[PDB]
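Only one structure is covered here, and it is reproduced in the block below.
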Amino acid sequence: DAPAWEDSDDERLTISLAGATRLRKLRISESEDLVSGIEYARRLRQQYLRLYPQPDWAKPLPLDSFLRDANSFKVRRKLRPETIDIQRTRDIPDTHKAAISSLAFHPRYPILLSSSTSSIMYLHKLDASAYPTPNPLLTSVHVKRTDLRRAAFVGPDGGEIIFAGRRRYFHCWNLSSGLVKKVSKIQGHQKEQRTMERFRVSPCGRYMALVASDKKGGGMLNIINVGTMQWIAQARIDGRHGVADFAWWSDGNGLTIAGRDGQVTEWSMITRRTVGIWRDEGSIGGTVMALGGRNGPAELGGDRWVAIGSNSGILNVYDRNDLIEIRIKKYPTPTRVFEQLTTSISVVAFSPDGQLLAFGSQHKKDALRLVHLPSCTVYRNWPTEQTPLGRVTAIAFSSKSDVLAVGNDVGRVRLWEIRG
Amino acid sequence: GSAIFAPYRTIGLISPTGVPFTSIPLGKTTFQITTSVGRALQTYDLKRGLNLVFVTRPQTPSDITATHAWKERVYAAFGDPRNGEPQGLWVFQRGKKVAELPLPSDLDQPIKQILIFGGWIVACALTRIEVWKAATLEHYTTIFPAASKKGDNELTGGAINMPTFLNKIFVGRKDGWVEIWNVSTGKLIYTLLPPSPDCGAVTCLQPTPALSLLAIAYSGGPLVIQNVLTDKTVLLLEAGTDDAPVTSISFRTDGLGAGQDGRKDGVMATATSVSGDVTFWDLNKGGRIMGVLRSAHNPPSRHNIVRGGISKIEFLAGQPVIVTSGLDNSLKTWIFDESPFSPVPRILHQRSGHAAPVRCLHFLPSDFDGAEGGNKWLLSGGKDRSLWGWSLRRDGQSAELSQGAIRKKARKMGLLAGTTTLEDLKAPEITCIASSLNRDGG
Amino acid sequence: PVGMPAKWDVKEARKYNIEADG
Amino acid sequence: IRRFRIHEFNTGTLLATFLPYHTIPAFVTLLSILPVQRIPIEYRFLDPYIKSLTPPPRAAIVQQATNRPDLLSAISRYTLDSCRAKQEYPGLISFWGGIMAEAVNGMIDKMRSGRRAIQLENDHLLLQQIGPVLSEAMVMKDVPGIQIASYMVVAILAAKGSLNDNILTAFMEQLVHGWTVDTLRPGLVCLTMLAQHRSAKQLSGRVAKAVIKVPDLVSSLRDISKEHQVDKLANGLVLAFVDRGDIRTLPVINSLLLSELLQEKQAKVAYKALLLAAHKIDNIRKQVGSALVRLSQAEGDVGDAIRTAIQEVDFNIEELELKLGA
RNA sequence: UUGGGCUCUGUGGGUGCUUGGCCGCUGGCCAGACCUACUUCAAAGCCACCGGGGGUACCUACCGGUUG
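Chains as they are written, first to last, in the authors' numbering: chain UR, 132 to 190, 227 to 242, 253 to 502, 524 to 618; chain UU, 31 to 448, 454 to 477; chain CD, 425 to 446; chain UJ, 122 to 365, 370 to 407, 415 to 458.
Rendered as structure tokens:
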């Protein structure tokens, strides 16, 4: 501990201690007045240590190094299962005069179709950054005498919109060239479909299935070649009151019917028959179904998850890879059962990516909760009581799975950012 | 000029510029704070709240560029001669100029900072250090450091004395060197070189409450503490990010407040003028950090009109008190707590002016013929989107007119954490206000 | 109620004068 | 007590040192004759029980540990002083394990907020609180029990809390720095947790060094993957090993490649890593060739994946075979 | 608007017009320090707040005396 540099000016310097009043009390005897600079600075050291005693820091490990690192303290993802970086964004300025019938997202661009039982469709672009009207209205199209029940985007590229309500006929609007088709005949089934109410379009945009107004012991429905708009097939299962809901698989070759009393039937096109039947466990009557996922059983369409919502109000979610025994478990077991809403669930929907599951009931104020896959639990920190949802009626994920759109029965759709 | 209105004062201001404050202890009961308006300097009380004790008159003709306050006098250097402005240094006492400092005629440099000790004052300009004998207020010498490079000769960071070293100054180069010069003979006696020389410049430096140890803050990032006669490094710390250099540092001399027990000393506060945050380290075992204070002011941004920063830190004499003056016209004095442990201090004093210009300006009508009166309260609607009731009488009794528990709202959210920011949470800016105290019953 | 910081006071703490560094 | 007034003068240390016996009547009597205004601010939770004499339960103490950090702070300080003075004992450390585990469990169980920078900053403050004790217990070399307890708390810290990869690897690094052989297999379980909840695919160096130092690697790894899913750990291992240009890791590489532990994707990308290592290398290549012919002549699905990976990289196994055999 | 309310407590400001903390101050200090000197002449009187009627042995006071 040798001192590196030295000075000669301190040995040259001397100071008068007894003359100095401040320095007077630093002597050792009553004889030290003229004191050299080196001894003077030494007495300064003694005075300073008497003023303040020396500290212990004045007397490597990995996390100690991380700890002293301050770059360790600086201020869409895949998302963790109990909370969400969720952010309510700007609201759609245009309202609906009637209850909201449906929402639909365009698969390429952030384009949103809102649809109301006031016989009215709106198209908007998602733009929080718009001025002076964020999320601008593209279009407001009204269809006479025809309250819209449900509409679908047709095309994986998303080019057409079909829409169908309480009338016996439906329409296809080609956006390019803007043409309308009024389909009104399913080739010998014109006593057989007194509505056009429920329908689903394949993910490949190829097949349209329409449910039938003939319940009588079992649901039936017709598969349609979409580009030709023709009857191509029919599926019919034996139940009690006909079709509850239904959905294609991830391929667009086979599909699933859930009918009331909770009976789910898989049906492939290449065989043109029902793959099989099983029971949603203990559900006394279903009302909603949905199908989603990836990396599932490819022979059953490669989708991972099936969502069943029953008229009691319980939500049964299953894995189709566990549905296998091409043989079928007649009594499958619940991957996850959901008792977090009282009344019958109104609408449920899968995320495109296969992570999130939104579900809600409409009789209660704002019955909507959110599920992470494959942990299959709720997100316990959204939505609040004072999250302004409304008596929910329609729920759509965005194409890129960043945006949530919801709509109550009052005509007020609202939007959320799903940040992971 | 004009024929009716004479200039009286510029208000709405406690510390908006970049110049740090200077702080002296009076007795064992008060602390004087001294801050520059930009055309004057005020001195506040600490114990007696944060009211204004001294206002500096007369006005300097130019923007002040340096200051320090001794036992009685206020030494203020003003003037960047590089663009027109005449420069000088003045000596005030109790708000009034008693003396003026004789500048060297060959000073074409703005004068950076000021230090006083012994019988000498030293003043660092840009790369040049001038000395006056304080006992006579007379020019003594001028220190000229030398480097091989036009860059490296720059005197960034600053200079300090050690408490126990006779007549020795410690300066930081634009290179990572610290130079010790004896001011009595005016001779460069020693220099110390930065370890791991990837770090570029000494951005700051400060003596510790222990003897003969200097802490050096590097623009390349390291905070080091070293013996200054042994040239013996005590500790390295990787705290400065590359483009986010630290601004300055201070140690806790209050005697306790580390080791998580309350039973330990040696805490460092540091801060960066890139942020609005400050940082707290327990220096004993590994020099660990313990606590981040997040957004103690508004951090500076060029995308936004908001103005702010952190111009300084200081631990005062031996107490839980720490001052931070920012650039957001902003002082908030913080306080260490005893009965629990706490990572951070909580606020205990505040004064604020805006972080943006004033949009609208209005007076209050008289308490109809009384004292609250014509000339007491002036409402100011600032482009920082806020409303302030300024007191012409006693500037401390001005206040904000809050919009609620807005800061706590931000803290529950993340406006203070890391979306919009706090001005975007407060209501938009102010077109035009009108007042009427014809019912305003207090 | 516990956990509470008291009325803030000025503490007495002696300091070193650097004016003797001449 | 009756001579040195210890109940009055050393309330905190006495209170902590009988605190882990919270269901015995001796502790009840101590609670009976303490002075209330002398109980520490951290310790003022027993006030309902000192109004009503009854042994308080663990749920109460730990709930105070959750929404009162400083209780944990004080009990951490006592028990680390105990192990630093080498007077640790199993009842103490078992109590302290339960305390830290449920404590930090509850701490995350609130600290998850949903707001982004809020969860980051809360994890920051949490780390600042748990820092010293967890480091001292991760590398507390004399006390294996507190090593196991530190393993426990940092393991739950990993698996529950969505921590950042650098902090996770720093935990890995101090554990690597600090384990022993009695603590060996549990520390392996911790690294399975750590790398399994890691997001990046590689390990940082000295971890791989000490895992070479691990004696029974693939046997222990099969034993743990019997219940623990060690795949990300094995993948980070083989990435670090092909990154290292040392040639003493090759028996380890061969054994882990035959171990049937990594995924087919992990196996093919590791094989392409090994052949790009053979392409970048400038004997050494002879060892690489012997290893690569062993892997290409592997029997089962590991060899099948290796051969199909050769098929998808479209480079000639015969070329490198004859180049190393000639 | 990715939880919120009542209720209580704690801190700071201001509830009046912005000139220092201390001292043995035309000066000094804040780390203080020095500590016990020097000496020509006691004082002018007055005022001075007790609840009412009533008694006065003893005490106090006033006045007027008396021995020494």
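Ideal Cβ placement from N, Cα and C applies to all residues, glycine included.
From the DSSP output, in three-state form, read off residue i for me.
| i | result |
| --- | --- |
| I442(UJ) | helix |
| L381(UJ) | helix |
| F35(UU) | coil |
| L446(UU) | coil |
| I524(UR) | coil |
| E168(UU) | strand |
| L346(UU) | coil |
| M466(UR) | strand |
| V67(UU) | coil |
| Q72(UU) | strand |
| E615(UR) | strand |
| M397(UR) | strand |
| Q380(UU) | strand |
| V85(UU) | strand |
By a C-beta neighbour count over all protein chains shown, 10 Å radius and 16 as the cutoff for buried, is residue i buried or exposed?
| i | result |
| --- | --- |
| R438(CD) | exposed |
| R337(UU) | buried |
| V274(UJ) | buried |
| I246(UU) | buried |
| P329(UU) | buried |
| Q427(UU) | exposed |
| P309(UR) | exposed |
| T301(UJ) | exposed |
| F108(UU) | buried |
In the DSSP output, which residue or residues are listed as bridge partners for residue i?
| i | result |
| --- | --- |
| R377(UR) | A386(UR) |
| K163(UU) | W150(UU), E168(UU) |
| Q256(UU) | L244(UU), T263(UU) |
| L289(UR) | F282(UR), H301(UR) |
| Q440(UR) | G436(UR), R456(UR) |
| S445(UR) | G431(UR), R450(UR) |
| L356(UR) | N351(UR) |
| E130(UU) | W120(UU) |
Which first and last residues belong to the alpha helix (DSSP H) in which residue i is found?
| i | result |
| --- | --- |
| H348(UR) | Looking at the DSSP string, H348(UR) is not in any alpha helix (DSSP H); the run it does join, the beta strand (DSSP E), is 347-351. |
| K231(UJ) | 211-232 |
| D244(UJ) | 237-259 |
Less than 8 Å between the beta carbons of residue i and residue j, yes or no?
| i | j | result |
| --- | --- | --- |
| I263(UR) | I616(UR) | yes |
| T40(UU) | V83(UU) | no |
| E464(UU) | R415(UU) | yes |
| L378(UU) | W432(CD) | yes |
| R497(UR) | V483(UR) | yes |
| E184(UU) | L218(UU) | no |
| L234(UR) | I279(UU) | no |
| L456(UJ) | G421(UJ) | yes |
| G31(UU) | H384(UU) | no |
| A189(UR) | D261(UU) | no |
| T90(UU) | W120(UU) | yes |
| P211(UJ) | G266(UJ) | yes |
Taking the beta strand (DSSP E) that residue i belongs to, which residues open and close that run?
| i | result |
| --- | --- |
| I267(UJ) | Taken as a continuous stretch (DSSP letters only), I267(UJ) belongs to no beta strand (DSSP E), being part of the alpha helix (DSSP H) at 265-280. |
| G202(UU) | 198-202 |
| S346(UJ) | Segment 338-346 is the alpha helix (DSSP H) holding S346(UJ); no beta strand (DSSP E) there. |
| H319(UR) | 314-319 |
| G365(UR) | Taken as a continuous stretch (DSSP letters only), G365(UR) belongs to no beta strand (DSSP E), as it is neither H nor E. |
| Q236(UU) | 232-237 |
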